[PDB]
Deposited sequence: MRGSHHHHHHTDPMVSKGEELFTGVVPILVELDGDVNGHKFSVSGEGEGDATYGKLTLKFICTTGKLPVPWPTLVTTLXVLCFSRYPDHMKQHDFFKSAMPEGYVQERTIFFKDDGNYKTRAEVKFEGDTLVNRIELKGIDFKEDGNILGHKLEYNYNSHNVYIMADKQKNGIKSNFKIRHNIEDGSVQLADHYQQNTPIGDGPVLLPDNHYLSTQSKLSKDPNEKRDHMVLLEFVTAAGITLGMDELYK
């Protein structure tokens, strides 16, 4: 229909292999994470297994879920002209976040998301500062679980990209919650054209599990992301 959505969508037809690379440093605790799996953007479906290749992960796995490929979001047909993430491919986009853990430290992340051949690669640098060595993060007090969210995507026309801020609440074992306030910006890597979206949101669902045969520190993630929020015309079709 739109030759630009055709280009982006053609890159994400079928199952696409995914590689995630994360080099991390939180309060000087250095670590690396490697992730492998596949994404099926027609269903907004991600199946990823992450391993800490440097030993024990010094932060809880749930705190890294958002950092560790929104181009696999399912954009329904009536919204596909608002899919910035795929429109930037194959050259990719830069995704930058600051994640403020309330009453604790913050992560600062910079990632390049792009195709290397048929593989969608998410290459991340994470820097965390001002964490409490006995707090919920460095103290590993967070439940190994995750919640569904609705994050609002806004155009950032000045930067020919998008931005978003949203709150994630990690369950603490004692029963409280640890707030992680996300500030996000995405900008295309090359000088090619992109689709700048109307305001909309992404609805997420994530299941974390363990591989019984994996002796390394790891996370299995089953995640679905669907776009929504531009429905004036569609709603009228049904009076």
Counting from 1 along the deposited sequence, which stretches were left out of the model?
-> 1 to 10, 79
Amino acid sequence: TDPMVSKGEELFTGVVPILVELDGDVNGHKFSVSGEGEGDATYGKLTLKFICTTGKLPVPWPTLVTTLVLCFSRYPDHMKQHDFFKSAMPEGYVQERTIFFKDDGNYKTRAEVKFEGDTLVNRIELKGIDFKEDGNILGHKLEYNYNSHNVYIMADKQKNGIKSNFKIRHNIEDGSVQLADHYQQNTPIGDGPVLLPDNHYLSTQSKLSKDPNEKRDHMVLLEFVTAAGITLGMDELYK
From here on, numbers count along this sequence of modelled residues.
Between 194 to 202 and 39 to 47, the record assigns the higher mean Cα B factor to 194 to 202
160 to 168 versus 91 to 99 - which carries the larger mean C-alpha B factor in the record | 160 to 168
Please pick out which of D217, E9, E223, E21 has the largest Cα B-factor as recorded in the entry.
-> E9
In the PDB entry, which of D118, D77, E112, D83 has its C-alpha at the highest B-factor?
-> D77
Just say lowest, middle or highest third for the CA B-factor of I189 relative to the other modelled residues in its chain.
-> highest
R123: C-alpha B-factor third of its chain, per the entry, is the lowest
Within-chain third of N147 by Cα B-factor, per the entry = highest
Name the third of the chain's ranked CA B-factors that contains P58, choosing lowest, middle or highest.
-> middle
Divide the modelled residues of the chain into thirds by Cα B-factor and specify which third, lowest, middle or highest, holds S209.
-> middle
